[PDB]
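Before any questions on how it binds or moves, here is one chain, the form deposited in one PDB entry, in structure tokens.
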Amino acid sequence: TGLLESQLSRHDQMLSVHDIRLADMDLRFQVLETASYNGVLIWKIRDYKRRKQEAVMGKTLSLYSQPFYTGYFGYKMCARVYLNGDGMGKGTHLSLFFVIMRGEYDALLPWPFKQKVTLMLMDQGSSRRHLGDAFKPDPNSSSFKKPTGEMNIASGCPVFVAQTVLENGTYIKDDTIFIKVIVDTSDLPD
């Protein structure tokens, strides 16, 4: 019964580990199924009301997109949103940022990152009047240095869109917003 209990304990712990690995693979699948390799990210954010509230309460201040890429072995990048705003936009705006991540082929890519970036909030209405802004990465920013940790300092627009505009327009629909990031890729090796 000592032995019987030992083995039952061993199995319970292994069954716990297997539940963890299975849950981590569900997340890995989701990342793969939403990957893109042409330098264009479409990010679908569901449960806006609940999530916007979790940023006001200070539970979850910001959200990250899945990674996306300039090519199959290009820059690894992603986007960061603050539904209740950050910096000069905290509490008054939606804040949107661009993030360089450490990719496996960084030793083969030009540094600093110099590709043109377009941030966008998609209009789900018939006008299709998308909000957007672009910039050319400043080469002196540590935002575009060759990554040394998992991600570089985010860079973008603290006052992208005022919350009042975003909530009274047609950007929100079925409690969902879409963010689009377009990285120009037409001056790099394919």
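Heads up, when I say rigid core I mean the largest set of C-alphas that superpose within 1.5 Å between the two forms. In case it trips you up, residue 1 is the first one in the sequence shown, and so on.
Rigid core superposition in 4 other deposited structures of this protein puts the Cα atoms of one stretch, out of 55-63 and 122-130, farther from the shown form on average, and that stretch is 122-130. Once the C-alpha B-factors are averaged per stretch, 1-9 and 180-188 rank with 180-188 first. Between 26-34 and 124-132, the higher mean Cα B-factor belongs to 124-132. Annotation for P112, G91, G87, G71: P112 ranks highest, by Cα B-factor. When the CA B factors of the chain's modelled residues are split into thirds, the value for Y48 lands in the highest one. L63: CA B factor in the middle third of modelled residues in this chain (values from the PDB entry).
Remark: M151 belongs to the middle third of its chain, ranked by C-alpha B-factor as recorded.
There is another form of this protein, the form deposited with a partner chain bound, and it is not shown here; the text below is about that form.
The contact residue chosen from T164, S142, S127, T148 relative to its partner chain in the entry with it bound is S142, the criterion being a non-hydrogen atom within 4.5 angstroms. Its partner chain is not shown here, and in the entry with it bound it never comes within 4.5 Å of any heavy atom of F160. Although the partner is absent here, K49 is not a contact residue: none of its heavy atoms lies within 4.5 angstroms of its partner chain in the entry with it bound.
Taking the partner from elsewhere, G87 is found to have a heavy atom lying within 4.5 Å of its partner chain in the entry with it bound.
Taking the partner from elsewhere, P137 is found to have a heavy atom lying within 4.5 Å of its partner chain in the entry with it bound.
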